[PDB]
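> when you get a sec, could you give me coordinates for this:
(chains A, B, C and D)
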Amino acid sequence: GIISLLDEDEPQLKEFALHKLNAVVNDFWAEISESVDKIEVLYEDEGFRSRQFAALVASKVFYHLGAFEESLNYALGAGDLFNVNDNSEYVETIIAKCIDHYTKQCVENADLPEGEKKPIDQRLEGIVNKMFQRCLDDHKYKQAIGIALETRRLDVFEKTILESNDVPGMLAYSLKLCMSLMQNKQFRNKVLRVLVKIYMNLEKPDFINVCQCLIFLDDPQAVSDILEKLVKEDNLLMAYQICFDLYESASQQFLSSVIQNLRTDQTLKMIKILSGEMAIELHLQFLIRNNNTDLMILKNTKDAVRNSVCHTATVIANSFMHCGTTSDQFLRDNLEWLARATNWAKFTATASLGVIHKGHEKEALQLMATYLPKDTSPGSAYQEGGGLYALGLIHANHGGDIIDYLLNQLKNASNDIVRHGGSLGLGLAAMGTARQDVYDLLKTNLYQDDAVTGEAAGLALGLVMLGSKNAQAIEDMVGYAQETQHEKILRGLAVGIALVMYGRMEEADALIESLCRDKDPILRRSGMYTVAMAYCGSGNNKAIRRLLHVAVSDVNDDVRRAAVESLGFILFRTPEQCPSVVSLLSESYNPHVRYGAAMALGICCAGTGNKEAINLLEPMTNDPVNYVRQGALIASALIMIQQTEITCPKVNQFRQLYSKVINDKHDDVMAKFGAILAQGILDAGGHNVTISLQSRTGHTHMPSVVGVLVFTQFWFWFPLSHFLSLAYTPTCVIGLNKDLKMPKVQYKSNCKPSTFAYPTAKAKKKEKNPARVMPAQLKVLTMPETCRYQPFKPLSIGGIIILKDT
Amino acid sequence: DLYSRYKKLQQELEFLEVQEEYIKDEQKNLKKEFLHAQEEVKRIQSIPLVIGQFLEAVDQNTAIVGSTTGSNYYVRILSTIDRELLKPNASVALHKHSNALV
Amino acid sequence: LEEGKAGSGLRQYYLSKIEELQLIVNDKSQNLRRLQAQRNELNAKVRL
Amino acid sequence: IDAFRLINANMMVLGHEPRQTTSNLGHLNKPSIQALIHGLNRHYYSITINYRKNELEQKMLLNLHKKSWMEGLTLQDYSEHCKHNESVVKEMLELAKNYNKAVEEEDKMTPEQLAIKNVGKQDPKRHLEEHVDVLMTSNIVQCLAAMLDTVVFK
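Numbers count the residues shown, from 1 in each chain, chains lettered A, B, ... in the order given. Coordinates below:
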């Protein structure tokens, strides 16, 4: 009990008291406990010059007593004599408490955002940058960028990116670390916007960082600013990369914004690159030259001739594998099967005509003249409705006057049979374009008061308004749902008001609360697709609060199924955890939860080669219920996409299991529908193309997610199986040097030919028709060393890239 | 990198934490649904139930029984009681419609 | 670094101690998954 | 209930297997409805039934039958539980405590036998829960009798 010396007046006994403290306090760490109140006499006295060290020893006894934030308060009142001396371990704890409290105080002041901010002591932030000198002097960028992410402030972080040496490109993948652990978009884009500016101030320009902000910051004026600087810079060759990343990985309105401010040689170039016509022609040539298909399986499914559910089966399966070939022999090889078609069968029959003709924007209209939507009036009229549906599947995303060609035919001929696939063609072609008149003429078209056309105008109005988050559109869609007696207009408007909101995160939760709280199961399922598309790409637990809650306590299995399917939409960025959390959830008593969860694991891990999802899907195809085996067949084809036998051993085991159950009449027709469907999935695009929901740049692909989420339930609407063609994206290595000119280039790949088998020294590839490639084989390949044409940009992924003449 | 992945390791931790409280509330509601299913199987069936002339238990979960109208049957027995009180020779009350072993 | 990489041993340890905690709580769900699936299959037995 | 529709015998020329949009069809067939019933699936076929709302009437008629297990008026029957209220509800507690003595005197024979046979015979006898519900009626005892302080005073 040395603290009893403080009762005497003169301070020299206090300095001698703390001189006793700092030495023998090892055994006295607990002795000062009860007398800390007497230490407060020195801590509260300003005329005592050693009150600093009094707060040091008071912070030591509080360090032994377990007090942390209190030790931080006395660390602030401990003056200069505190921060100077660090020995034993007093440091890691107090700097953990200091940095923690500091970064959560900065986060506290960052939500204000401005004004009224709490006072920040200069000493606690003093030991921030002062102890950060350890990170600056030791030249450790990993920890330096770590604390730079903690402080949540742009000034000291601007000093971290300004540190010496290099760090040549390290800000790029550091933002990959940021966006991976990023919470909200508030300060994210604010930190991102200055990093592309410091890359413009850097001596070596790099377009992958401005590519990262183009797909992350996503603001309309910035792309017009950077490209106006490209035209001002007179950039041609190396801007080819970022320009195609703008077309590929950015929204349509983003393209409309950059072309709007730009147009106010290269003038025709920006038209060619933003329209993406050259990408369609090279994709067409890639699909016709490199097509690998097997007709034997199509014949074994042909001669089955089962009268139930097989109508859409074979045509949608071979329309997948053959997409974009334009060479179709199908109506020639199978005939009596197509003569069996009736009712919606001829819809899907002529709808596949557009799935296999996907792309080929020019001749797609006149080449179908034989299969054109007649309208010869021995009424098949679902026929002539599906013909315009086929023209809508090709004209999705960008388009042309054919959109008005379908619009006039919507105002002509009959009703409502034209609106079924016709308005779907009108809305799908205007998807993401924020078309105006379509919202009006679809309101007077919505008032024609029929049922099957309900899903027609609902999906159309939801596609044209995608990303617009409008007001009167959802107001009129929710206002028409009362007086109508149809449940298909409820489901079409369900996905309609779900599709209008995409990537809204918490902005849509105001409406999500009303949709989920309502007692209408169809409107609850509407809020499930709405909260899915709004939270797509984010793993935030605010969605899983109500999304998973209605997945628990609800009494309707269908909306519960759509609730557990959203795990594939929102969590697709982190597919690995889904098999673990949904493990038991596929053991549930009702097949609906086992089904939607099987679809969740299928679409989430589809872009990965994870064997765990295939392990959990093994008992799913063994379940006694039919459609849960069916969804197990479709999802198992989604996990194996483009993946051959060398990837997972279950490829051929499931391939033979598909033809087995469809050639076996004893099995259910429902469950066997997903078999031939799985043959179309796995073989889609002649194995050359697949579905990709996540681009390498880090931005989600809107038409693929929109394609698969409308493809979720094919039972209610059979033509929804055709919408999955939009989800198909080409995977290829394009050796185009520039413009129209096509160089001849072959480069080497280090993988064995067993990986190259698509049912060593160097690989043989185009030379751009490009050549197909596996995402796992893109890292092992190397640019040609001795060839005349060598890429200026480092080659990593596939697609179309610059090739420089050397 | 170290602080990076350190800030990456609480994502799945909190995700598994919200899965904890989830599956707890899940199997809490499904438990009450199983208690409701227990109210079903205990309500099932009758009241009034025709008793019948029992002969032997042939194998697991099933057995052969004559009714009080004297006809041997083959029925999967009531699940919760397989054996102990069934015995070789007794008189078992048979389901109204099905004549199930109960 | 003491800020730091030696400090990251304590930082990552907090998420390691909560990892073991959450792991212990993860098993608390795992065996009740076996019991949930137990009475769920028994719910398939009363449906059977 | 049930559903039936007579298929046309004049359709023997064409095929007997529609429809399209199999959603409600494949879901209607299940359970497959026995044999003798689906023996009528030849020459007949069922049809789907859904309940349309009309939510206000469905909600009030929902509470109409809920008067059984909730209370008659939502007031009377559990104010009738305030009428009896342990009355004469301890008589059934005496029979419940006779179920305490009865069931738990053979419940104390169970764990010793578990040590003899080593161990579980699967089992448990159940012989579980039970009087916990009697203690839930004790929650009716403590609550409704605590209402007396509100009833008696003002």
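
> hmm, residue C:46 is touching residue B:40, no?
Yes: taking Cβ atoms under 8 Å as the definition, residue C:46 is a contact partner of residue B:40 at 6.7 Å. (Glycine included, C-beta is placed from N, CA and C.)

> of the two, who's got more company?
Neighbours were counted for residue C:46 and for residue B:40 using other Cβ atoms under 10 Å in any protein chain shown; residue C:46 has more, 16 against 12.

> is the one helix or strand the more buried one maps to in proximity to chain D?
If you go by DSSP states H and E, residue C:46 is part of helix C:5-47. No: Helix C:5-47 stays clear of chain D (Cβ under 8 Å from any Cβ of the partner chain), getting no nearer than 10.1 Å.

> run the chain-centre distance for that helix.
2 Å (Cα atoms, centre = their mean, to the nearest Å).

> same thing with stretch D:14-21?
Per Cα atoms, centre = their mean, the centroid offset for stretch D:14-21 relative to its chain is 39 Å.

> residues near residue A:308, how many?
Neighbours around residue A:308, by other Cβ under 10 Å: 18.

> surely residue B:54 forms part of a strand?
Yes: read with DSSP: H, G, I helix; E, B strand; the rest coil, residue B:54 is one of the residues of a strand.

> wait, what's in contact with it?
Going by Cβ atoms under 8 Å, 6 or more residues apart in numbering or on different chains, residue B:54 touches B:63, B:65, B:66, B:86, B:89, B:90, B:91, B:92.

> and the lengthiest helix in chain A, what's buried?
Counting residues, the longest helix found in chain A (DSSP state H) is helix A:91-110. Neighbour-count burial for helix A:91-110 flags A:91-92, A:94-99, A:102-103, A:105-106, A:109-110 (criterion: 16 or more other Cβ atoms under 10 Å in any protein chain shown).

> near chain C, list only the ones from these.
A:91, A:92, A:95, A:96.

> with respect to residue A:643, which of those residues is nearest?
residue A:96 (45.2 Å; Cβ to Cβ).

> check contacts around that closest one.
C:7, C:10, C:11.

> what is the burial count for residue A:40?
13.

> for it, which three-state class applies?
helix.

> wasn't residue A:196 part of a helix?
Yes: inclusion of residue A:196 in a helix is indicated when three-state DSSP is applied.

> which residues touch residue A:86?
residue C:2.

> I'd like the distance between it and residue A:454.
72 Å (Cβ to Cβ, to the nearest Å).

> repeat that for residue A:256.
Taking Cβ to Cβ, one finds residue A:256 at 30 Å from residue A:454.

> compare neighbour counts for the two and give me the winner.
The residue with more neighbours, out of residue A:256 and residue A:454, is residue A:454; 23 against 14, by other Cβ under 10 Å.

> can you report how many residues neighbour the nearest residue to residue A:257 once chain neighbours are set aside?
Once flanking residues are discounted, residue A:257 sits nearest to residue A:220: 3.5 Å by Cβ to Cβ, 6 or more residues apart in numbering or on different chains. Using other Cβ under 10 Å, the number of residues around residue A:220 comes to 14.

> correct me, but residue A:220 touches residue A:255?
No: with contacts counted by Cβ under 8 Å, residue A:220 stays clear of residue A:255, the gap being 10.0 Å.

> near chain A, which residues of chain B?
So far as Cβ under 8 Å from any Cβ goes, chain B lies against chain A at B:1-4, B:6-8, B:11-12, B:14-16, B:18-19, B:22-23, B:25-26, B:29.

> those helices in chain D, which residues are they?
D:23-29, D:55-69, D:76-80, D:91-107, D:110-117, D:132-152.

> in CSV, list those along with mean neighbour count and distance to residue A:556.
Formatted as CSV, the helices of chain D follow (neighbours: other Cβ atoms under 10 Å in any protein chain shown; distance: least, Cβ to Cβ, whole Å):
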stretch, mean neighbour count, distance to residue A:556
helix D:23-29, 16, 13
helix D:55-69, 10, 14
helix D:76-80, 14, 31
helix D:91-107, 13, 39
helix D:110-117, 10, 43
helix D:132-152, 11, 31
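
> name the nearest residue to the closest residue to chain C within chain A, ignoring sequence neighbours.
Here the residue of chain A nearest chain C is residue A:584; by Cβ to the nearest Cβ that distance is 4.1 Å. Nearest residue to residue A:584, sequence neighbours excluded (Cβ to Cβ, 6+ apart): residue C:33, at 4.1 Å.

> tell me who's in contact with the one you found.
A:583, A:584, A:587, B:23, B:27.

> surely residue A:661 touches residue A:667?
Yes: Residue A:661 lies in contact with residue A:667 (Cβ under 8 Å); the separation is 4.7 Å.

> and for the two, which residues touch both?
With Cβ under 8 Å, 6+ apart, residue A:661 and residue A:667 have no common neighbours.

> so for those two, which sits in the more crowded spot?
residue A:661 (21 against 15).

> what helix or strand is the more buried one located in?
Secondary structure from DSSP H and E places residue A:661 in helix A:650-663.

> which is the next helix or strand following that helix?
helix A:669-682.

> now that following helix: how far from the chain's centre is it?
Distance, centroid of helix A:669-682 to centroid of chain: 26 Å (Cα atoms, centre = their mean).

> what packs against it?
helix A:295-302, helix A:310-321, helix A:626-639, helix A:650-663 (3 or more Cβ pairs under 8 Å, 6 or more residues apart in numbering or on different chains; DSSP states H and E).

> rerun at 7 Å
helix A:310-321, helix A:626-639, helix A:650-663 (3 or more Cβ pairs under 7 Å, 6 or more residues apart in numbering or on different chains; DSSP states H and E).

> which helix runs longest in chain B?
Max-length helix for chain B by DSSP H is helix B:11-43.

> now check it, is it near chain D?
No: shown here: helix B:11-43 not in contact with chain D (Cβ under 7 Å from any Cβ of the partner chain), separated by at least 9.5 Å.

> is any residue of that helix near chain C?
Yes: Helix B:11-43 is in contact with chain C by Cβ under 7 Å from any Cβ, via B:13, B:16, B:17, B:20, B:23, B:27, B:30, B:34, B:37, B:40, B:41.

> what strand or helix carries the residue of chain B found nearest chain A?
Distance from chain A to each residue of chain B (Cβ to the nearest Cβ) is smallest for residue B:3, at 2.8 Å. Secondary structure assignment for residue B:3, by DSSP H and E: helix B:2-8.
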